[PDB]
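Residue numbers (my numbering), protein chains in the order written: chain Z, 1 to 86; chain X, 1 to 86; chain W, 1 to 86; chain Y, 1 to 86.
Protein chains: 4
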Amino acid sequence: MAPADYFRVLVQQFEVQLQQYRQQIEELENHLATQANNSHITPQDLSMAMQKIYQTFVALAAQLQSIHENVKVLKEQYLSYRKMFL
Amino acid sequence: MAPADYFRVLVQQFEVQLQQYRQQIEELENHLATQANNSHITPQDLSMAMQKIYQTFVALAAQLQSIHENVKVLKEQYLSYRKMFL
Amino acid sequence: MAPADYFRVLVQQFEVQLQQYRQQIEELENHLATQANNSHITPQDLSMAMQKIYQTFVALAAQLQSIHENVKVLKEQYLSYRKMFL
Amino acid sequence: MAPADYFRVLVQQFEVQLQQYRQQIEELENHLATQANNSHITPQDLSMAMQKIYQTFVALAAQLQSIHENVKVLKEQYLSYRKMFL
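Here you go:
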């Protein structure tokens, strides 16, 4: 509905998507600390790790991009009205 | 020293970098939950946040990229010694 | 002023006090990871560390206790009125 | 094995425990910023949170207390060998 209503939903969906991001990174850290202390990490392990990081960001990027398009519309719309009344 | 002590040092920095990354992202989650508490998050607020996420990621990337190069060298040095003896 | 107004201030002051807590713990972790990787931690170090933890909680406990007394009043007050009108 | 490999293993668990502690507290900060976002944090909400903090701390304490005992033994074993040779 109203402008500020939709926006708020985007912001909350953003805050919830950032939450899941920090968690996956927290998960990936735990797993790294496990293998390390227990044995030691291999170049193969460091690679997987690295790989999962880019992957995780790409997943966050999708959300970011979506929120970006929606607010992009929201602002284009604004300027339309703004032109018409000024 | 041995290519196993140097690797552990790399892996060592990877973990520190990742921890430092997760913290900036934690701080970022709060700052947002702060603004929403006080008043509300505006489109400008969202954008700067959106922008700090990429800012904050690029930085992690310099870090990863570096560790990647160093382990690329170690991996190539290997295939050489491997070619030498077959 | 109003009941819900004062309360909200307590809650926000709580959320801000919890924030500083997690940060000190984050700081104490960083320092531990430094000494460890660099050299190794001594029994003396582990002791200081332990000590600062209890200290940090005690500092959080003070805030907790304060918020507890205020909301304790808030609820006692409520029951007064509740009795009087029921 | 040596009392220096066992100590490092203790210190190892200390760090893991502390990390795990900081996470529960991070999750706790979000959950609160979640409820406030949706509607608002009530007195009941605050209390359960207040209670999880002590719950969550007691648990960290079992962990610390343990590491304390083990390093107490190592410290006493020392003074014995020390008394023996003076």
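Here a beta-carbon is modelled for each residue, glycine too, at the ideal position from N, C-alpha and C.
Between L10 of chain W and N70 of chain W, the C-beta gap is smaller than 7 angstroms, which places the two residues in contact. With 16 or more other Cβ atoms inside 10 Å of its own Cβ, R22 of chain W counts as buried. One thing to note: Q55 of chain Y has its Cβ no nearer than 7 angstroms to the Cβ of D45 of chain Y. Residue-level contact by beta carbon holds for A33 of chain X and chain Y, with a gap shorter than 7 angstroms. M50 of chain Z sits close to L64 of chain X, with the two beta carbons spaced by under 7 angstroms. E76 of chain Y counts as exposed, since fewer than 16 other beta carbons sit within 10 angstroms of its beta carbon. Taking every protein chain shown into account, the CB of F85 of chain Y has fewer than 16 other CB atoms within 10 angstroms, so this residue is exposed. Within the model, the alpha-carbon separation for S80 of chain W versus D5 of chain Z is close to 39 angstroms. For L86 of chain Z, there is no enclosing alpha helix (DSSP H), as DSSP marks it with neither H nor E. Pairing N37 of chain Y with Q12 of chain Z gives a Cβ-Cβ distance under 7 angstroms. At a Cβ-Cβ threshold of 7 angstroms, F7 of chain X and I67 of chain X do not count as neighbours.
By a beta-carbon distance limit of 8 angstroms, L28 of chain Z contacts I53 of chain Z. Their separation comes to about 7 angstroms. Among the CB atoms of chain Y, one or more fall inside 7 angstroms of the CB of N37 of chain Z. For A2 of chain Z, there is no enclosing alpha helix (DSSP H), as DSSP gives it neither H nor E. Identification of chain Y residues near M1 of chain W by a Cβ-Cβ cut-off of 8 angstroms yields none; the smallest Cβ-Cβ distance measures about 16 angstroms. Distance between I41 of chain W and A59 of chain Z, taken at the CA atoms: about 38 angstroms.
Spanning the alpha carbons of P43 of chain X and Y78 of chain Z requires a straight line of approximately 12 angstroms.
Rounded to whole angstroms, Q20 of chain Z and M1 of chain Z show a C-alpha spacing of 27 angstroms. In this structure, DSSP gives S39 of chain Z a state outside helix and strand, which the three-state scheme calls coil. Among the residues of chain X, those whose CB is under 7 angstroms from the CB of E26 of chain Z are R22, following chain order. Using a Cβ-Cβ cut-off of 7 angstroms, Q17 of chain Z does not count as an interface residue toward chain Y, since no Cβ of chain Y sits closer than that to its own.
For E76 of chain Y, no CB of chain W lies under 7 angstroms from its own CB, so it is not counted at the interface with that chain.
Taking CB atoms only, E29 of chain X has a neighbour in chain Z less than 7 angstroms away. Pairing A62 of chain X with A62 of chain Y, the inter-Cα distance amounts to about 40 angstroms.
For the segment 44-73 of chain Y, the set of residues with a beta-carbon nearer than 7 angstroms to any beta-carbon of chain Z is empty.
Listed along chain Z, no residue sits closer than 9 angstroms to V9 of chain X by beta-carbon distance, the nearest being about 12 angstroms off.
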